[PDB]
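Take a look at the structure below.
Numbers restart at 1 for each chain; the letters A, B, ... are given by sequence-line order, proteins then strands. Below, all heavy atoms of this structure are taken into account, side chains as well, without hydrogens, waters or symmetry copies.
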Amino acid sequence: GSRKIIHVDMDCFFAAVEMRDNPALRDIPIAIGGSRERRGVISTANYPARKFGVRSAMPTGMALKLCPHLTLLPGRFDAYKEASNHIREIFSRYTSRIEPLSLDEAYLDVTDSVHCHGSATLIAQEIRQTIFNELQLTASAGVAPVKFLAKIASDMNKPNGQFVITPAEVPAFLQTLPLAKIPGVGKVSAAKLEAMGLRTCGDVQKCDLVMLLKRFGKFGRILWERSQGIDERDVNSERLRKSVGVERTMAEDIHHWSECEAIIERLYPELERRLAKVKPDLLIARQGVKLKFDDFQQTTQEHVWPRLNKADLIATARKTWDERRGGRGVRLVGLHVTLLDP
DNA sequence: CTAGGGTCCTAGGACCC
DNA sequence: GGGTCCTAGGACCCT
Ligand SMILES: [Mg+2]
Ligand SMILES: [Mg+2]
């Protein structure tokens with residue numbers, strides 16, 4: 001009863017699209033991200049820029065210190081969405097059991113496939129080749145018996161490669177696997193785990209489940225399971241979007257309500273247009289606002305509300321401004337809706 | 001020197017039974 | 001005294 005899970009993941013996705021569409025960018029360091037003047041971060045970078053230490057989520061001023069010749073690009077999201085749609089259609093030639101996790105990646109359950117004589121290894125290779133042949137972009141892939149190991153595997157032979165983990169290979173693989181490599185174990189958790197002497201799955205294997213449950217709740221059960229290669233999460237092709245948000249960080253902090261209100265007047269038409277794409281009648285479950293202050297504390301206030309409404313978002317932002325700001329400057333203003341359930 | 005798009009989990013009081 | 005809803009916050013994910 002062992003499943004075959006593929007995780008397909010595009011290489012340097014945004015940057016690879018830009019180099020395909022402008023070959024001049026192929027061999028110089030580039031990154032998609034907000035400018036230093038816009039107080040931006042790097043969304044991603046190509047390998048020439050990564051060589052300097054440029055990484056996703058790096059503050060753009062830091063990227064430019066490591067890599068002074070970095071070429072900064074704004075991003076063409078319709079181009080990325082187009083490539084995303086194309087690779088998802090390519091996935092569908094092989095199975096309907098597709099769970100996209102973001103624009104550039106997806107799980108595939110090919111357990112019941114008899115493409116490529118049932119070889120998940122050859123299916124992954126054929127998908128990667130097809131993506132290259134039809135989009136001129138490269139992808140990497142991971143093959144394993146459960147989701148999380150497949151996702152880990154797709155990172156290990158990047159770029160333009162793949163890695164297969166068989167059931168026989170799972171124990172040796174897990175023994176020295178850093179906990180931080182597990183999707184969902186981030187910096188904070190890995191630092192907590194590190195401070196109690198838990199660095200790898202092999203370390204967690206020597207732990208009591210009951211202790212982990214006390215110390216971490218349901219996360220502790222996940223940690224205990226994953227550290228044993230256990231991951232029964234099914235590939236789910238039926239997930240739906242639950243929220244829509246529009247937010248912007250300004251280049252300078254704001255200190256006046258008039259400025260906040262003026263920002264909202266610019267955010268609102270964009271929120272309306274994006275909601276209308278998925279809900280033409282604008283009917284929603286909740287709407288609300290977000291402020292981020294100059295000390296990086298952020299607050300949200302959202303409430304049951306039946307239909308996108310600009311004046312109520314302004315009014316709510318006014319309360320948040322007056323009630324929770326405490327005189328600090330504001331670097332970000334955001335609008336948000338929660339979508340109706342079905 | 002710190003984005004913007006999101007998902008999920010937690011947790012207290014409200015409300016219900 | 002248990003479920004669920006309302007709400008806020010925060011870790012984490014992707015590029
Ligand atoms: Mg990728
Ligand atoms: Mg990805």
Side-chain angles (χ1 to χ4, degrees), chain A residues 7 9-18 30-46 50 54-66 72-77 79-81 83-84 99-106 148 151 154-155 180-192 216-222 233 236 239-251 253 267 270-271 274 285-305 316 320 323-324 331-339 341:
Chain A
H7 180 262
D9 184 289
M10 300 297 293
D11 296 318
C12 297
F13 185 42
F14 290 7
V17 166
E18 302 299 348
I30 78 165
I32 287 83
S35 66
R36 197 200 321 152
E37 294 75 27
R38 290 276 301 265
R39 303 199 288 183
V41 306
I42 300 296
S43 273
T44 195
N46 68 350
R50 297 184 171 177
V54 181
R55 301 285 183 279
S56 298
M58 179 166 57
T60 293
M62 174 150 100
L64 289 166
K65 274 161 185 279
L66 297 162
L72 211 44
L73 302 173
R76 295 150 51 235
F77 283 96
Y80 313 144
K81 179 55 154 171
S84 174
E99 180 175 350
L101 307 169
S102 63
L103 288 186
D104 88 329
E105 75 185 67
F148 82 105
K151 173 155 180 108
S154 69
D155 261 13
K181 287 285 201 132
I182 299 170
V185 179
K187 297 260 85 178
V188 170
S189 306
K192 278 177 63 44
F216 297 103
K218 298 164 177 282
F219 182 75
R221 176 177 293 281
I222 299 288
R233 302 175 298 152
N236 187 337
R239 298 178 69 190
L240 304 172
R241 164 147 80 163
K242 295 183 182 172
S243 61
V244 184
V246 183
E247 68 209 37
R248 200 103 316 192
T249 299
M250 274 66 56
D253 290 359
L267 292 171
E270 294 301 285
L271 176 59
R274 280 165 44 178
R286 318 167 57 77
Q287 63 170 25
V289 307
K290 172 156 72 189
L291 300 188
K292 193 188 284 171
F293 308 110
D294 54 22
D295 74 341
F296 286 82
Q297 178 192 98
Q298 96 166 23
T299 185
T300 60
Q301 72 180 98
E302 305 156 346
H303 49 254
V304 170
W305 192 268
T316 301
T320 320
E323 281 173 357
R324 317 179 188 177
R331 61 161 30 228
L332 166 155
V333 183
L335 304 185
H336 192 264
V337 300
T338 302
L339 297 180
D341 274 333

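Judged by the sign of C1'-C2'-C3'-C4', the sugar at C/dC14 is north, the angle being positive. A negative value of the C1'-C2'-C3'-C4' dihedral assigns B/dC15 to the south, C2'-endo side. Here B/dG5 counts as north. Its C1'-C2'-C3'-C4' torsion is positive.
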Worksheet item: Passes side-chain hydrogen bond (donor to acceptor under 3.5 Å, both in side chains), A/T316 versus A/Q301? Steps please.
Response: CA-CA 7 Å; A/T316 301; A/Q301 72 180 98; 5.7 Å; no
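Atom CG of A/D341 has 12 or fewer neighbouring heavy atoms from other residues, nucleotides or ligands inside a 6.0 Å radius. The local environment of CZ in A/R324 is crowded, with over 12 non-hydrogen atoms from other residues, nucleotides or ligands closer than 6.0 Å.
The minimum heavy-atom distance between A/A16 and A/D11, with the atom names listed, is CB-O, 3.3 Å.
Consecutive pairing runs in DNA chain B reach the stem threshold at B:3-17 with C:1-15, where a stem means at least three Watson-Crick or G-U wobble pairs with distances under 3.5 Å.
Here CG of A/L291 is found 10.5 Å from CD of A/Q297. Values are rounded to the nearest 0.5 Å. Taken from NE2 in A/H303 to CZ in A/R286, the straight-line distance is 8.5 Å, to the nearest 0.5 Å. Rounding to the nearest 0.5 Å gives a distance of 11.5 Å between NZ of A/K151 and NZ of A/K181.
Remark: side-chain polar atoms of A/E247 are not paired, donor with acceptor, to backbone N or O of A/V333 under 3.5 angstrom.
Bounding nucleotides for the chain A contact on DNA chain C, 5' to 3', at a heavy-atom distance below 4.0 Å, are C/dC6 to C/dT15.
In this structure, CE of A/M58 is placed 17 Å from P of B/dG4, rounded to the nearest angstrom. Spacing between atom CD of A/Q298 and atom P of B/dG5 amounts to 13 Å, rounded to whole angstrom units. Atom P of nucleotide B/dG5 and atom NZ of A/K242 are separated by 20 Å, given to the nearest angstrom. The NZ atom of A/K290 sits 8 Å away from the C1' atom of B/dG4 (whole-angstrom rounding).
At the heavy-atom level, A/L73 lies nowhere under 4.0 Å from the strands shown. Within 4.0 Å of A/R324, counting heavy atoms only, lie sugar-phosphate atoms of the nucleic acid but no base atom. Nucleic acid contact for A/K151: sugar-phosphate only, since backbone atoms but no base atoms lie under 4.0 Å from a heavy atom of the residue. Note on A/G34: nothing from the nucleic acid sits closer than 4.0 angstrom, heavy atoms only. Using a 4.0 Å heavy-atom cutoff across all strands shown, A/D9 reaches sugar-phosphate atoms only and no base atom.
Taking 4.0 Å as the cut-off between side-chain N and carboxylate O, A/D253 and A/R39 count as a salt-bridged pair. A salt bridge does not link A/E302 with A/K290: every distance from a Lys NZ or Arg NE/NH1/NH2 to an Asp or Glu carboxylate oxygen is 4.0 Å or more.
Counted by atom type alone, A/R50 and A/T44 present one or more donor-acceptor pairs between their side chains at under 3.5 Å.
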Are any protein N/O atoms closer than 3.5 Å to N/O atoms in nucleotides 1-3 of chain B? If there are, list each pair with its distance.
residue	atom	partner	partner atom	Å
B/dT2	OP2	A/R331	NH2	2.9
B/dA3	OP1	A/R331	NH1	2.8

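Along DNA chain B, the nucleotide nearest to A/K218 and the one nearest to A/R239 differ in position, and the one closer to the 5' end is contacted by A/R239.
Between A/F14 and A/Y80, the angle of the ring planes stays under 30°, which puts this pair in the parallel group of the 30/60° scheme.
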